[PDB]
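Take a look at this single chain in structure tokens; it is the form deposited in one PDB entry.
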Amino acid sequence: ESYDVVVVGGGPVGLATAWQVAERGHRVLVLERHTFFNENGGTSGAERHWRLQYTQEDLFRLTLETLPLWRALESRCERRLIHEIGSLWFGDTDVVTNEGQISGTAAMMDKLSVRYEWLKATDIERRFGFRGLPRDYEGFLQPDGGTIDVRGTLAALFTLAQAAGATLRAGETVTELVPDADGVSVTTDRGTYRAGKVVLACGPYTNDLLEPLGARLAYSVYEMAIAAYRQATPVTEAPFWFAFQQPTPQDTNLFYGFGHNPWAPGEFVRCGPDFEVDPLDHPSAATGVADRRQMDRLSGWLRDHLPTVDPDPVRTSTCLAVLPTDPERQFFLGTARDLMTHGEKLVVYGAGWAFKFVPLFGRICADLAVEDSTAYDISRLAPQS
């Protein structure tokens, strides 16, 4: 068979891309090795954080440009997907993390006229229920950030893509890509295809298809523990939070919580460590069982520092984080033009904290696949070998 665009991967980025390509009238196929809506990749769990604020100006401009794309998606599917519970960042204000740097981000919020409330340790403890914070911990609340309904977003994208004519095929694994001057040959475990262009939206598996073409992107894959905790004390404010700390010799020493869940039964909140440790050689090494040390660290930090939750988790899971190895890079998004001959026929989304960007990155991957250019400024994000 032949298509204008073949999308490898049916996670949120692949689905958003297919929606955008199909609604523009092009023939698109999505190939997903497992099932749509699976929780074995980078998109597990119910919640992700929406935030405006970024340490990097170009990415901050992109969140501001993505907000209307979320509102458009919400209107198309008749479901609110972002719930503005707040974005709370606190801790050591100078440490640089994969989340950003507090001090630099506050200066960027000042620059871009984005509102926030600055908080001292006593204010954080009083308002949000944290305890035992070091006296020099400080940060801010950005009240327009909040929580994204992951499963609602996926269902919306699936529905929109299919309604627009995309072919969504699960249980099929892409095993080889060979771009040439005339298009791209796609081989799977079930057959072969020709494509005008291919979009790689395959999460941690990107390098499997790039390495036979002589390319490899510099990302690391981490099997991160996520766990659900019962809210023990009712609270007035329950934002997303992220604790910025200096690393320890053993781990990155960062913790977060997705905050109040406005659509779910009960009163459970998800928290996790954000640890850049024990990168997987290959995603096939994932166990799908929350790492014991990560869980001891997470529950132990919550036990002391967020006693509004019961620190004995009611459920645990994993999620695969895919992050640039270079801390100066946040995302890989672009074509493979610089990576291989005929690489412009491969559009790649390759690493980062991207759920907040799903409507944007789908639109950009569609732009690159069908119009060979995008209006958005993503120069810095271009793929890195």
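Residue numbers run from 1 along the displayed sequence. What we label the rigid core is the largest C-alpha set whose atoms superpose within 1.5 Å from one form to the other.
Look at the mean CA B-factor for 70-78 and for 210-218 in the entry; the higher one is 210-218. For the two regions 50-58 and 24-32, the entry's Cα B-factors average higher over 24-32. Out of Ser87, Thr287, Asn253, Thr97, the entry records its largest CA B-factor for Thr287. For the set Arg151, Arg297, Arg127, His83, the PDB entry puts the maximum C-alpha B factor at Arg127.
Ranked against the other modelled residues of its chain, the C-alpha B-factor of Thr167 as given in the entry falls in the middle third. In the PDB entry, a CA B factor belonging to the middle third of its chain's modelled residues is recorded for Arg329.
For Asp304, the recorded CA B-factor ranks within the middle third of the chain. Only modelled residues enter the ranking.
Sorting the modelled residues of the chain by their CA temperature factor places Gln245 in the lowest third. The entry lists a Cα temperature factor for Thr159 that places it in the lowest third of the chain's modelled residues.
Omitted from view is the form deposited in another entry, to which the following refers.
The residue among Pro247, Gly152, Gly165, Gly196 whose Cα moves by 2 angstroms or more between the shown form and the other one, once the core is superposed, is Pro247. A movement of the C-alpha atom of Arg216 falling short of 2 angstroms is seen between the shown form and the other one when the two forms are aligned on their rigid core. Relative to the superposed core, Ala107 shifts its CA atom by 2 Å or more between the shown form and the other one. Put the two forms on the same core and the Cα of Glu176 is off by less than 2 Å between the shown form and the other one.
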